[PDB]
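J.: Opening piece of a complex, kept in its complex position:
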Amino acid sequence: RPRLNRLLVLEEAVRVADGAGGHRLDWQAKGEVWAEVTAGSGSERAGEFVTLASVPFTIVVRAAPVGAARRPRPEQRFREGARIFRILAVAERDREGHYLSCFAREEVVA
Amino acid sequence: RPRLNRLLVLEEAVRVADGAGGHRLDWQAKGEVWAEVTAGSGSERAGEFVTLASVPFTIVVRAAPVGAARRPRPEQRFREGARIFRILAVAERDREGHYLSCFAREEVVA
Amino acid sequence: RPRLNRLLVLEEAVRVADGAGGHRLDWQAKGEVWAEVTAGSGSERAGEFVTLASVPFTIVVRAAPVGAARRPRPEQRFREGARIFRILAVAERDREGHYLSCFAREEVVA
């Protein structure tokens, strides 16, 4: 069972809609979770005009019902200091349902 | 052998045909199954204009003959609350034929 | 060694040639084999205009010389009731030559 050791400031953006239909994100902070962060095989990835450096980072937190504040939705991102971990998906790692796998990137521009 | 713990409301859509040849789906509920849901490696996937977040979710239920109500056909989808699991295929997991692997997505827009 | 438990009605089509060079298939039945059907990882596949649901289904039967009726050629298909298993290839699974791996699809339209 996972050994949780990092403090990840979970962050959810409020979506202020603009006139054209596109929302504007704020990334106001949410309450902090505890998690383990297990790396994957990382390599740099061609962005737009940026040679973005990415690593897979399966993050494991504890669980909650889907209408609770403690669930990381894939809308949200983690942030440890200045290292933003995006959330690709959340997937309910444990069999009994105690732990959630998340999926991250840590795309540093490099 | 699989330990079944989730209650999944199986749902089958009746196909009201429109004038052009396309059926209109309703997704009326069917009776509930018990299942285990084992996650796969998940990552977000480029939809149409949506950055859809998907995870593989091999779902295992019990079996039935193919002309029975209890078989999940790949027409149908599961739904646990508001988390719709589509069915990709059903594949008869067990050797003796007691259990069926299903294959899901859980495409949340994110 | 494989435990054979399913009854698969082997089917071979006679090829009535039309005037243009294309044969017309009939899929008259052939004698029934016994086989095991081991599933693979299944997912739905984009057909023509159909979202076909496929699963790999390595089918294992017993063997025969190549000029015998009991060999499933890849011309032929299996059929268990109304579930047609196409044959991709036959590959002589056993070392001593007692068993043949087949390779199937079960493309249900879904």
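T.: Nice, I can see it. Numbering: from 1, shown residues only, chains lettered A, B, ... in the order given.
J.: In chain A, where's the longest strand?
T.: For chain A, the longest strand by residue count, based on DSSP state E, is strand A:28-38.
J.: Could you pull out the buried residues of it?
T.: A:30, A:33, A:35, A:37 (16 or more other Cβ atoms under 10 Å in any protein chain shown). C-beta: built from backbone N, CA, C; applies to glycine.
J.: Make TSV from those residues and add distance to residue A:75 to it.
T.: TSV is the format used below for these (distance: Cβ to Cβ, whole Å):
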residue	distance to residue A:75
A:30	11
A:33	15
A:35	17
A:37	20
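J.: Which residue of chain A lies farthest from its centroid?
T.: Distance from the C-alpha centroid of chain A peaks at residue A:19, with 28.4 Å (Cα atoms, centre = their mean).
J.: one step back: helix or strand right after the longest strand of chain A?
T.: Reading on from strand A:28-38 to the C-terminus, the next helix or strand found by DSSP states H and E is strand A:43-46.
J.: Which strands or helices does that following strand pack on?
T.: If you count contacts as 3 or more Cβ pairs under 8 Å, 6 or more residues apart in numbering or on different chains; DSSP states H and E, strand A:43-46 packs onto strand A:51-54.
J.: and the next element down the chain from the strand it packs on?
T.: strand A:58-62.
J.: In the sheet, which strands lie alongside that following strand, parallel or antiparallel?
T.: Its sheet considered, strand A:58-62 pairs with strand A:28-38 (antiparallel), strand A:99-101 (antiparallel) by DSSP bridges.
J.: hmm, who's touching the shortest one?
T.: Strand A:99-101 has contacts (Cβ atoms under 8 Å, 6 or more residues apart in numbering or on different chains) with A:1-2, A:58-63, A:71-72, A:90-93, B:39, B:42.
J.: hmm, 10 Å instead?
T.: Under the contact criterion Cβ atoms under 10 Å, 6 or more residues apart in numbering or on different chains, strand A:99-101 has outside partners A:1-2, A:4, A:33, A:35-36, A:38, A:58-64, A:70-72, A:89-94, B:39-42, B:55.
J.: Go ahead and add chain D:
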Amino acid sequence: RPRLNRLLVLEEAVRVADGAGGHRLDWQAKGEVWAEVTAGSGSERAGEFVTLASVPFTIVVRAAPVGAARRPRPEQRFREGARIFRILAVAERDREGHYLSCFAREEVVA
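T.: So, slotting chain D in with the rest:
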């Protein structure tokens, strides 16, 4: 170490050159080898206008120096009755150099 059980009639084509630069193949027979034939995962493959059924078939024979008749060059093909096994490459399977892996197809039109 491999258990050799099949008799494969090795075949080498003499190359009668035509006027345009293209050689014409004959596939005259060569002496017979003993080999094991281990299947791979097979599936049908899109040919030209033929839905060719292929299986990988790593064939293992004994070895020889490269200027000997007993080496299967990748020019050559095997043939067991009417089942022609093409040779993709030969690769010297054993550490001490007693056995050669070959690589086949068995493309039946199907």
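J.: please look at the contacts of strand A:99-101 again, because chain D has been put in.
T.: With Cβ under 10 Å, 6+ apart, strand A:99-101 has contacts from A:1-2, A:4, A:33, A:35-36, A:38, A:58-64, A:70-72, A:89-94, B:39-42, B:55.
J.: Any of those residues buried? List them.
T.: Listed as buried from these are A:2, A:4, A:33, A:35, A:58-63, A:71-72, A:89-93, B:39-40, B:42, B:55; burial here means 16+ other Cβ under 10 Å.
J.: Keep only these that also lie close to chain D.
T.: Applying Cβ under 10 Å from any Cβ of the partner chain to the buried ones among the contacts of strand A:99-101, one finds that nothing falls near chain D.
J.: just to revisit the earlier point, distance from the longest strand of chain A to the middle of the chain?
T.: In terms of Cα atoms, centre = their mean, to the nearest Å, the centre of strand A:28-38 is set 8 Å apart from its chain centre.
J.: surely residue A:3 meets residue A:37?
T.: No. The criterion here is Cβ atoms under 10 Å, and residue A:3 misses it with residue A:37 at 11.3 Å.
J.: Which neighbours do the two have in common?
T.: Common contact partners of residue A:3 and residue A:37 (Cβ under 10 Å, 6+ apart): residue A:60.
J.: related to what we said a few turns ago, can you tell me the SS state at the residue farthest from the centre of chain A?
T.: With DSSP: H, G, I helix; E, B strand; the rest coil as the basis, residue A:19 sits in coil.
J.: distance of it from chain B?
T.: Remark: distance between residue A:19 and chain B (Cβ to the nearest Cβ, to the nearest Å) = 19 Å.
J.: Dihedrals phi and psi, that residue?
T.: Dihedral pair for residue A:19: phi -70, psi -20, per degrees, to the nearest 10.
J.: which residue does chain A bring closest to chain D?
T.: Per Cβ to the nearest Cβ, residue A:41 is where chain A lies closest to chain D, at 25.0 Å.
J.: Pull the contacting residues for the residue nearest to that residue when sequence neighbours are not counted.
T.: For residue A:41, ignoring the flanking residues on the chain, the nearest one in space by Cβ to Cβ, 6 or more residues apart in numbering or on different chains is residue A:56 at 6.9 Å. Residue A:56 makes contacts with A:38-42, A:88, A:103-106, B:41, B:43, as judged by Cβ under 10 Å, 6+ apart.
J.: throw chain E on there as well:
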Amino acid sequence: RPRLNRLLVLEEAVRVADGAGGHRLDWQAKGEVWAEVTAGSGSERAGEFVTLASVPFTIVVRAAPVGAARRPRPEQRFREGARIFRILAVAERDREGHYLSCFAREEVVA
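T.: Take a look at chain E, now in place beside the chains above:
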């Protein structure tokens, strides 16, 4: 736990901006780290007009906070003599956080 045996001169380039917006790199040396260099499966890769020979080279060093000099950012490269190891990403290999996986290339023109 990794056995560190190579001395890698870490190098960081100062970015003198030119008039057009593009920075000019210098690759001034930084302090030397100790590391292990574990090779991957290497093969030559098509460059621009160069047939560049690359190998994966997961390099493992010790860790530091992200605002420290001892962290290899993916901006930087290693250099052992005249063998420059680029850095693809850094990924925090250890569970407790003592060791960092790096990811290299060693693209020699060949």
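J.: again for the contacts of residue A:56, since chain E is there now?
T.: By Cβ under 10 Å, 6+ apart, the residues touching residue A:56 are A:38-42, A:88, A:103-106, B:41, B:43, E:89, E:91.
J.: Output these in JSON lines, with distance to residue B:83 appended to each entry.
T.: Shown next, in JSON lines, are those (distance: Cβ to Cβ, whole Å):
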{"residue": "A:38", "distance to residue B:83": "25"}
{"residue": "A:39", "distance to residue B:83": "28"}
{"residue": "A:40", "distance to residue B:83": "26"}
{"residue": "A:41", "distance to residue B:83": "30"}
{"residue": "A:42", "distance to residue B:83": "30"}
{"residue": "A:88", "distance to residue B:83": "17"}
{"residue": "A:103", "distance to residue B:83": "17"}
{"residue": "A:104", "distance to residue B:83": "21"}
{"residue": "A:105", "distance to residue B:83": "24"}
{"residue": "A:106", "distance to residue B:83": "27"}
{"residue": "B:41", "distance to residue B:83": "18"}
{"residue": "B:43", "distance to residue B:83": "18"}
{"residue": "E:89", "distance to residue B:83": "33"}
{"residue": "E:91", "distance to residue B:83": "31"}
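J.: which of these lies closest to chain C?
T.: Lowest distance from chain C to the contacts of residue A:56 (Cβ to the nearest Cβ) belongs to residue B:41, with 12.4 Å.
J.: Ignoring the adjacent residues along the chain, who's closest to residue A:107?
T.: residue A:52 (4.6 Å).
J.: So residue A:24 versus residue A:82, what's the distance?
T.: From residue A:24 across to residue A:82, the span is 22 Å (Cβ to Cβ, to the nearest Å).
J.: quick one on the thing from earlier: bridging residues for the residue nearest to residue A:107?
T.: residue A:45.
J.: That one is in contact with residue E:74, isn't it?
T.: Yes. The criterion here is Cβ under 10 Å, and residue A:52 meets it with residue E:74 at 9.3 Å.
J.: okay, now the residue lying closest to residue A:51 once chain neighbours are set aside: neighbour count?
T.: In space, and not counting its chain neighbours, residue A:51 is closest to residue A:44: 5.5 Å by Cβ to Cβ, 6+ apart. Neighbours of residue A:44 under the rule other Cβ atoms under 10 Å in any protein chain shown: 22.
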